[PDB]
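Take a look at this one chain, the form deposited in one PDB entry, written out in structure tokens.
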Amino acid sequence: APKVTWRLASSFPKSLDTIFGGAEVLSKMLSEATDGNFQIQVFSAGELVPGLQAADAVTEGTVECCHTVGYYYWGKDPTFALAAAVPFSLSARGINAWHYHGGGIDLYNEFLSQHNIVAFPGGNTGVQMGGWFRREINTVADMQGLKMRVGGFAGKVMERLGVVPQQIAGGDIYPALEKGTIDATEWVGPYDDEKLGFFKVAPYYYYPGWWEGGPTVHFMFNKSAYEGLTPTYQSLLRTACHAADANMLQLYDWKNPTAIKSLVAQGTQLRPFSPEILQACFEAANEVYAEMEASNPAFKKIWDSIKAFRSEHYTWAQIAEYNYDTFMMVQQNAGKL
């Protein structure tokens, strides 16, 4: 028998080789590095438990681990969302700096301990798109009354803008959109969103998804199961999560440019959210966080840590990074690349 056989419940549908596939990547890293002695068996959303309930099964010990986004559990405690994403937080590179070198992994694990979980980053999507709409969104008034599928704590922010948020796992969004039980949806980005098929119903694809600037997709491990590993397997697990985390982001970065082109070729209309909309959403988020920080000490501790770095990050990003990337985009648009 293998030294260790674990089951992993995914929050994600098997169609998505990006976000669901990250668990398969981890599994292969581990079995290959151990000649098959460390086996993580991977199950798509709904196979063992509903996708939005994956972490609950980990806490209960019904599965040894899951691959999920922490913000799905905002209803239990909004603190769950912070190391995944909340609106107007860090970019992928920013949050990863914080995770791996700013004490972020330990801060989140200190919170998660009481929930019988030890977690490590297990992917990032980069800046998300702004979702799929049947009509133009030019003002915040245009958002009022929209039944929109939204992930995580962004639902609470959306509520203050007059949106009616709905909670739906990835693979079950499309039928609700097609049948008209939701008006609009966000998911992730061009590759995934094209695969899920929204563009055949809703033709307006907005950007940016200010709700998720750089969301981490955690591997969450049952605390007992993790602590029962040898130090050798524990270290290998952390190394492999670190690699799989990067791998998912890199896969999105490879696939998204091709998928955006496909969506546009098929007639999809890309549109920016106006600066006014973004400001209104920022102000709504600020109010929600102010209330949450005051009433929830665990939330305040982690959010204050993220914000402290966030200001420094967006100061430095304006120097080499912004100027280089802007120059290259200008060259691209001028036909010079």
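We call the rigid core the largest set of C-alpha positions that still match within 1.5 Å between the two forms. For every residue, the number given is its place in the sequence shown, counted from 1.
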Higher avg CA temperature factor (91 to 99 vs 229 to 237, as deposited) belongs to 229 to 237
Look up the CA B-factors in the entry and say which stretch, 244 to 252 or 114 to 122, has the higher mean. 114 to 122
Considering only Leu263, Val150, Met220, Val86, which residue's Cα atom bears the greatest B-factor as recorded? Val150
Can you tell me which of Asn109, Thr216, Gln128, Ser224 has the highest Cα temperature factor in the record? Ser224
Which third of the chain holds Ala169 when residues are ordered by C-alpha B factor: lowest, middle or highest? highest
Against its chain's modelled residues, does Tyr72's Cα B factor rank lowest, middle or highest third? middle
Sorting the chain's CA B-factors, does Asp183 end up in the lowest, middle or highest third? middle
Tell me, lowest, middle or highest third: where does the Cα B factor of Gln41 rank within its chain? lowest
For the chain shown, is the CA B-factor of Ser27 in the lowest, middle or highest third of its modelled residues? lowest
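If you look for the form deposited in another entry, you will not find it shown, but the lines that follow are about it.
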Picking from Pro231, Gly145, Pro257, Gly228, which residue has its CA shift by 2 Å or more between the shown form and the other one, once the rigid core of the two forms is superposed? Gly145
Rigid core aligned, does the Cα position of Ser113 differ by 2 Å or more between the shown form and the other one? no
C-alpha of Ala246 off by 2 Å or more between the shown form and the other one on rigid core: no
Superposing on the rigid core, do we see a C-alpha displacement of 2 Å or more at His99 between the shown form and the other one? no
